[PDB]
Amino acid sequence: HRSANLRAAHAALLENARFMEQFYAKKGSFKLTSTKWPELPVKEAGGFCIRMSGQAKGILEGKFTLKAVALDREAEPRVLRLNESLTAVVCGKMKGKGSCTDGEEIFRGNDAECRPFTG
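Written as structure tokens, this is what we have:
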């Protein structure tokens with residue numbers, strides 16, 4: 006048993022995914038240049054905390070996605086993500102990127118134990 010509160014996040018990254026679907030519906034693109042950070046909508050679900058994708062250098066392009074981390078991640082290394090395509094992916098190990106109750110910041114490719122999640 007370790008199924009983190011990805012469920013709360015599933016709605017957050019989703020809550021973002023719509024704001025993503027909208028940001029595009031209002032703009033048409035996210036990152037404008039290599040090494041830029043487009044402001045993310047949701048920063049917290051109900052048990053997870055959300056932030057903008059990884060490093061500005063490796064930020065969403067033609068794709069909009071956010072990653073959420075367990076607030077109790079110390080106990081739930083599990084992480085989640087959800088894009089505009091409403092396609093989520095959960096991880097079983099959160100190394101880099103950023104974590105809650107510590108110093109969340111971004112989702113930069115540094116996770117392990119991940120599979121496709123569907124809220």
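For the sequence shown, position 9 matches number 14 in the entry's author numbering, and the numbering has no gaps at all. We put the CB at the ideal spot given by N, CA and C, even for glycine.
Next on the checklist: Counting C-beta neighbours from all protein chains within 10 Å, is the total for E66 16 or more, i.e. buried, or is it exposed?
Outcome noted: exposed
Next on the checklist: Checking the sheet assignment: what are the DSSP bridge partners for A73?
Outcome noted: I55 and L85
Checklist entry - Beta carbon of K72, beta carbon of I111: below 9 Å? => result yes
Next on the checklist: Going by beta-carbon coordinates alone, are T106 and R78 separated by less than 9 Å?
Outcome noted: yes
Checklist entry - Exposed or buried, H6, counting other C-beta atoms within 10 Å across all chains shown (16 or more means buried)? => result exposed
Checklist entry - If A13 and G51 are in contact, beta carbons under 8 Å, what's the gap, nearest whole angstrom? => result 3 Å
Next on the checklist: Here's a check: name, in chain order, each residue in its chain whose Cβ is nearer than 7 Å to the Cβ of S39, leaving out the five neighbours to either side.
Outcome noted: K62
Item to check | Beta-bridge pairing of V94 - partner residues as DSSP gives them | outcome: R86 and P121
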